[PDB]
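Structure record follows, encoded as structure tokens.
A note on names: the letters A, B, ... follow the listed sequences, proteins ahead of strands, and every chain is numbered from 1.
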Amino acid sequence: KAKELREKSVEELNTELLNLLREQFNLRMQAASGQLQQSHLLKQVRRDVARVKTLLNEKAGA
Amino acid sequence: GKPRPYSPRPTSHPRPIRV
Amino acid sequence: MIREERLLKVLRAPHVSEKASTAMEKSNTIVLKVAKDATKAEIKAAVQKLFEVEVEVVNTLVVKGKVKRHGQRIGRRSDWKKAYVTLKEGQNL
Amino acid sequence: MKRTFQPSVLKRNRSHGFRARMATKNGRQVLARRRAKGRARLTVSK
Amino acid sequence: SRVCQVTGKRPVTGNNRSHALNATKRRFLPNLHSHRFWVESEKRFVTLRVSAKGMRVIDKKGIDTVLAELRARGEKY
Amino acid sequence: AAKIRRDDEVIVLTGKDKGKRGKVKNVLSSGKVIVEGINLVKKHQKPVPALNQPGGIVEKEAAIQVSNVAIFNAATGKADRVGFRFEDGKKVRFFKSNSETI
RNA sequence: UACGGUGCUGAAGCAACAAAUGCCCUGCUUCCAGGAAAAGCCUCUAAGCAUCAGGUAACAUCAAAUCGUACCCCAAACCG
RNA sequence: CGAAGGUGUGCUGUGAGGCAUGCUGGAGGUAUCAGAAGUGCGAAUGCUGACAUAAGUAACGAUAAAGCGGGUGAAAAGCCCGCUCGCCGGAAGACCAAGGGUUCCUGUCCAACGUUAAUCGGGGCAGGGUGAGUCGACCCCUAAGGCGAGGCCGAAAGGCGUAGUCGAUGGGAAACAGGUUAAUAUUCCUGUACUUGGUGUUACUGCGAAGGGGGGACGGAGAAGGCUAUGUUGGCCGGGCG
RNA sequence: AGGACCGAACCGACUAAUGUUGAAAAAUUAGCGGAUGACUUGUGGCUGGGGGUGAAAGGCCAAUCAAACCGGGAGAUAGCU
RNA sequence: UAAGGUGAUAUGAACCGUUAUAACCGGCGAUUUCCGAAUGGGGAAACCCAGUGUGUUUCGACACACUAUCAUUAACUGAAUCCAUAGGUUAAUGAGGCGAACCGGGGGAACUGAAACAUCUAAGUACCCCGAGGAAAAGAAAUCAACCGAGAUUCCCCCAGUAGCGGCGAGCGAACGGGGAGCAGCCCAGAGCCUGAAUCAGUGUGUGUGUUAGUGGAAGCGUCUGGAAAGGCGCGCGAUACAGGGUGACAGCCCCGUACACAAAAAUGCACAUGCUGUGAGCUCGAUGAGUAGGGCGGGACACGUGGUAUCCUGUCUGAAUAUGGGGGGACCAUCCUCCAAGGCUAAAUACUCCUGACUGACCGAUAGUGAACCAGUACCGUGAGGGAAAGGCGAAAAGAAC
Ligand SMILES: *[C@H]1O[C@H](CO)[C@H](O)[C@H](O)[C@H]1NC(C)=O
Ligand SMILES: [Mg+2]
Ligand SMILES: [Mg+2]
Ligand SMILES: [Mg+2]
Ligand SMILES: [Mg+2]
Ligand SMILES: [Mg+2]
Ligand SMILES: [Mg+2]
Ligand SMILES: [Mg+2]
Ligand SMILES: [Mg+2]
Ligand SMILES: [Mg+2]
Ligand SMILES: [Mg+2]
Ligand SMILES: [Mg+2]
Ligand SMILES: [Mg+2]
Ligand SMILES: [Mg+2]
Ligand SMILES: [Mg+2]
Ligand SMILES: [Mg+2]
Ligand SMILES: [Mg+2]
Ligand SMILES: [Mg+2]
Ligand SMILES: [Mg+2]
Ligand SMILES: [Mg+2]
Ligand SMILES: [Mg+2]
Ligand SMILES: [Mg+2]
Ligand SMILES: [Mg+2]
Ligand SMILES: [Mg+2]
Ligand SMILES: [Mg+2]
Ligand SMILES: [Mg+2]
Ligand SMILES: [Mg+2]
Ligand SMILES: [Mg+2]
Ligand SMILES: [Mg+2]
Ligand SMILES: [Mg+2]
Ligand SMILES: [Mg+2]
Ligand SMILES: [Mg+2]
Ligand SMILES: [Mg+2]
Ligand SMILES: [Mg+2]
Ligand SMILES: [Mg+2]
Ligand SMILES: [Mg+2]
Ligand SMILES: [Mg+2]
Ligand SMILES: [Mg+2]
Ligand SMILES: [Mg+2]
Ligand SMILES: [Mg+2]
Ligand SMILES: [Mg+2]
Ligand SMILES: [Mg+2]
Ligand SMILES: [Mg+2]
Ligand SMILES: [Mg+2]
Ligand SMILES: [Mg+2]
Ligand SMILES: [Mg+2]
Ligand SMILES: [Mg+2]
Ligand SMILES: [Mg+2]
Ligand SMILES: [Mg+2]
Ligand SMILES: [Mg+2]
Ligand SMILES: [Mg+2]
Ligand SMILES: [Mg+2]
Ligand SMILES: [Mg+2]
Ligand SMILES: [Mg+2]
Ligand SMILES: [Mg+2]
Ligand SMILES: [Mg+2]
Ligand SMILES: [Mg+2]
Ligand SMILES: [Mg+2]
Ligand SMILES: [Mg+2]
Ligand SMILES: [Mg+2]
Ligand SMILES: [Mg+2]
Ligand SMILES: [Mg+2]
Ligand SMILES: [Mg+2]
């Protein structure tokens, strides 16, 4: 996901961040409720948000 | 061993004075 | 107007207890664990946008973490914020 | 009997607190000594 | 502080010596005087805190030259 | 690199189970390896209510120091030492006293 | 009645007298030892602004955040 | 095929000592001849740890005081429930500030803690619990006092202080009764209120400050009248006939 | 009217007994003095060690005072034990 | 670099990876809350409250940036007051705080010793303060010497516990000269000629060589005792590797290493090379540091306590000659010798170790060694500064004792 998301534009990567943050809220809700056996999903999305925010800074200039 | 000694505490009787 | 990015970081969990259960069936109120820096306005914006329900008033309090002992080594649980979120007449969560 | 320690958090902080220490060079030397010794609590502030 | 602006003379420490040669610490203070000097460049009076010795240096070098030295060292007058 | 790896067929050089041959099931970071049917121990398993209903004196394999097992050459029919070479880019493992890649 | 406590209904609900150290009272009387400050508030204009800003009133709508709130507190929880 | 160390035994030298070996122990030890010393302990009211003694002695912390039945339990003088008795009641009741900080409530446990036992607890463990436009803080405002741009002063460090800026123990907007939780409530609910500011609309219009004036705004003591909180009695209503 | 009188709260501390390895490193009990004042008390502030403060006792300045406490000079020095 | 991974107590859960995007290691980036110099104002540190300007607004509001102080410089502005100056605003650049020791400077004890004590000592020590650097300081003779000469400074060994100083007590204590380490000389006080030519500094760009990950790395079996072999016994083998560590008892050959040989995409240190920018060499002529030297008074520093006391520093009052001149040669004078103050710069030998790597010990081995082998500057004590512990070992393996 380090080369795939790098092909995307800033106008295609912000919406992607607004899909992950939303997914992270849904997983955080499911986890607290008692549902979700797949606890590893929490880390995948948290690290995926990091990747996307990292590329946003690279696209900006820094 | 021995514990740290106490600071002065009230005394019941005056030491007798011999003079 | 508050960013959706901020509105997705203020609701941590639904709070499960007898008082939360009673509040949800008596005073149509949902008890949420929320971010410690979240405001009543941010809670009232997030619930409306993420649960698609109509919010009347948010009441908040800060729960002070307990001092617990784990193998004669003193520790302290983190303080967290509790939101009593009152919905309208007929909405349901 | 009234004992010597009569607690007041305001007086404690004003007399011995972090900002009181920082206000004078001698107070800053207290902090320097305590950091050098490696105190977990520099002042009463905590 | 008790510092001559011209020369830089300041309090120095020495001893009082009695007949029996008892040494007690004393200070030697400069002969400081606040004096209004007339400059023939800035048609103005300049108030310098100066030693009696510093006033003799101004009489010898001239106020213009001495004020130039103060600006060089970066001392406001 | 590691001279002994997972799936490798090894022989035990020292211990109660000396001469016995087995496959390494896993390698621990503490320089120890689990070899199937080698360093057997009789564990007294406590009765758990949640996961695994019964107790019973369970027979399982204990870790053995990696320096207590040698790679089994198969050809010679005895313990051998592992060396390292470069045969077209990749780092491979070879036996000592014959010189054949694994 | 799970003997802890829930559900349901509901009479009279007035008067007289007494009465504070509380209220009227930041009063009144009197005395000498002669009894904070500043803002909110009210009012006045100056520079300035001129059928604009702003002011007043009514009506409508919106906002009032944040932190404390448990519990002990003449005491087994504070200082000893 | 058993090192050091430990513990017996035998032998041995003038002594400090030495040698051998049973048992314990389970991995070190070290001849000889030299070399170097943190090199030898009974005392120092020595230092640290351990353990004695007095001694199963004194004491168990207000002389307000208990008794019994039932319950739970392995066990009940102490816990729970009931009846009685006694004690406080300008407090030994109730609500706070300060200070403490979970001690609150529930379930569970009784090693240690509780001067006894403990099923109990402010003890252990786990879960719960603190809801505000109106209460308080924050906030606006100042007091003593603090800090203090420039400034004045001082060997250095620094000291003092102006403009300022902080600083409550004082001044400054507004909510009440009833109901509710195991544990919060002027905060939740019900009923009925109130305050301040923003925006918009409509009408009418001199608005505007860091400045001026008013106000805020103040002592001790004493006295009297009018009141209410509150109490008492009667009436009223419900129940009672011992 | 009052540094007026009697007397609770409140402030104090004259006497006695108790206690003295205490219930308590200054108290308890019974009496006792002041109790509108040179009164008492909450909160905060200021004064710093040869210095403070003292209706003055060398009193008090964190259970320490004819020179606080803490660290340093420091292993002061000790013709003494 | 890799077949294993998701730090520890600490399992489990859900997973990731196995020929390369798992994890791990290194270079370079990104992110980097709040407090703290803390810097937008305030404050009882980790909190409270703003202004300004952008951009976004679902009109409820939201996001990001900037706003300390002082110094210097520049622009604009600007009093009493005519010019002006002070003052004000804005911008740019720098500073601020922290840190073991070493270093230079500003201040500076007393106990103690003198068998009392005051001169003296302790000691320019402790301590406080300011400032700097990787070192600092010092430094290119107004120096010594002795009629012969030496040739900046610093450090070491001698000279020597000598000469001296000294209530001539207690004590203090040189220099000359010699042997070493190291070695380096320059610039301004100025005008012209000629030209930017020597050389130290940034600046990229190549070249080697270090550093920050790593790679390969020899050779052993049988038997005996035993729980286990690395031990005994037998017979082999490697050695530029028998340093060291680990492995069920003591292993050159089981493992990790070790000798030895290799390694860098990226960043960076040092040393050469080569462009660019600033810097200005060389030659001739001239100049040669004044409230200064010296003096009187009071102190201080010189081993040197005022003494017969040179020399240095200066708080105070004075005050030359300035090369045909001036300083010194230990009172002072003459002679002779020697040097040129009152401007500055300068590497090396020297000092130190908070911190990093390797290696070493007739150093300690749990009351020792750090206070701390252990979740220690912790618990605990104190209002505070500050004080300040105790506490290591099952086993080879948890096989940590089912029933
Ligand atoms: C106790 O002795 C001290 C001296 O150590 C005093 O003298 C004190 O006053 C004595 N007290 C009694 C009650 O005699
Ligand atoms: Mg002893
Ligand atoms: Mg509400
Ligand atoms: Mg609240
Ligand atoms: Mg009264
Ligand atoms: Mg309450
Ligand atoms: Mg009590
Ligand atoms: Mg030994
Ligand atoms: Mg030997
Ligand atoms: Mg000894
Ligand atoms: Mg002994
Ligand atoms: Mg003896
Ligand atoms: Mg005893
Ligand atoms: Mg007896
Ligand atoms: Mg008896
Ligand atoms: Mg008895
Ligand atoms: Mg009792
Ligand atoms: Mg009973
Ligand atoms: Mg029992
Ligand atoms: Mg009883
Ligand atoms: Mg009862
Ligand atoms: Mg607790
Ligand atoms: Mg309770
Ligand atoms: Mg007990
Ligand atoms: Mg409890
Ligand atoms: Mg003031
Ligand atoms: Mg200033
Ligand atoms: Mg000031
Ligand atoms: Mg204010
Ligand atoms: Mg107040
Ligand atoms: Mg309650
Ligand atoms: Mg009434
Ligand atoms: Mg009276
Ligand atoms: Mg008294
Ligand atoms: Mg009494
Ligand atoms: Mg009287
Ligand atoms: Mg009376
Ligand atoms: Mg006397
Ligand atoms: Mg005292
Ligand atoms: Mg004294
Ligand atoms: Mg000394
Ligand atoms: Mg001593
Ligand atoms: Mg600030
Ligand atoms: Mg700030
Ligand atoms: Mg403010
Ligand atoms: Mg600095
Ligand atoms: Mg003496
Ligand atoms: Mg003596
Ligand atoms: Mg230098
Ligand atoms: Mg000559
Ligand atoms: Mg390798
Ligand atoms: Mg090898
Ligand atoms: Mg063998
Ligand atoms: Mg062994
Ligand atoms: Mg000259
Ligand atoms: Mg002179
Ligand atoms: Mg002279
Ligand atoms: Mg001279
Ligand atoms: Mg001379
Ligand atoms: Mg001579
Ligand atoms: Mg130790
Ligand atoms: Mg031991
Ligand atoms: Mg404390």
Under 4.0 angstrom between [X] side-chain N/O and [N] OP1 or OP2:
X	N	value
D:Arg34	J:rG386	yes
F:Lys18	J:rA229	no
E:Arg10	J:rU314	no
D:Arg12	J:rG384	yes
E:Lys25	J:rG108	yes

Q. Taking NZ, NE, NH1 and NH2 as the nitrogens, is one of them in F:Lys25 or F:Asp7 under 4.0 Å from a carboxylate oxygen of the other?
A. no
If you check the [X] side chain, which of [options] turns out closest?
X	options	answer
A:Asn57	H:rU130, J:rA399, J:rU31	J:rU31
D:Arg3	I:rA63, J:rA14, J:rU215	I:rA63
D:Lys11	J:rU247, H:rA132, I:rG44	I:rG44
E:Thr13	J:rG107, H:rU180, J:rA218	J:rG107
F:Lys43	J:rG400, J:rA14, H:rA182	J:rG400
E:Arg56	J:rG291, J:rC62, J:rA14	J:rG291

Q | Any donor-acceptor N/O pair under 3.5 Å between J:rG371 base and D:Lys37 side chain | A | no
Canonical Watson-Crick or G-U pair [N]-[M], 3.5 Å limit on both distances:
N	M	answer
J:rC117	J:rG167	yes
J:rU54	J:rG40	no
H:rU199	H:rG114	no
H:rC194	H:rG133	yes

Q.
For the CH2 atom of C:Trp80 and the CZ atom of C:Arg12, what is their distance to the nearest 0.5 Å?
A. 13.5 Å
Under 4.0 angstrom, heavy atoms only, what part of the nucleic acid is [X] near: base, sugar-phosphate, or nothing?
X	result
D:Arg14	sugar-phosphate
F:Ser97	nothing
C:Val67	sugar-phosphate
E:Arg49	sugar-phosphate
E:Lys60	base
A:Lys59	nothing
C:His15	sugar-phosphate
C:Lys19	base
C:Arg77	sugar-phosphate
F:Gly15	base
F:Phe86	sugar-phosphate

Would you call [N] and [M] stacked when the test is ring centres under 5.5 Å and planes under 30°?
N	M	value
H:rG133	H:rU134	yes
H:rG107	H:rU108	yes
H:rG71	H:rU72	yes

I need the [atom1]-[atom2] distance between [X] and [N], as an integer number of Å.
X	N	atom1	atom2	result
D:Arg35	J:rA100	CZ	P	11 Å
D:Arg28	J:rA37	CZ	P	9 Å
D:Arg19	J:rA38	CZ	P	9 Å
C:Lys66	H:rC125	NZ	P	11 Å

Q. When you list every nucleotide of RNA chain G with an atom under 4.0 Å from a heavy atom of chain D, which one comes first 5' to 3', and which comes last?
A. G:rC79 to G:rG80
Q: Can you sort out the partners of D:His16 under ring pair (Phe, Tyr, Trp, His ring centres under 6.0 Å), two or more places apart, ordered by chain and number?
A: none
Q: Name all residues meeting the ring pair (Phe, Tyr, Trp, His ring centres under 6.0 Å) criterion together with A:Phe25; count only those two or more places apart in sequence or in a different chain, and write none if there are none.
A: C:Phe51
**Q.** Watson-Crick/G-U partner (both atom distances under 3.5 Å) of H:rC79
**A.** H:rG71
Q.
Going by purine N1 to pyrimidine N3 plus the second Watson-Crick contact, or the G-U wobble pair, all under 3.5 Å, which nucleotide sits opposite J:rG236?
A. J:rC253
Q: Grab the groove, major or minor, that holds a base atom under 5.0 Å from the side-chain heavy atoms of A:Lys43.
A: minor
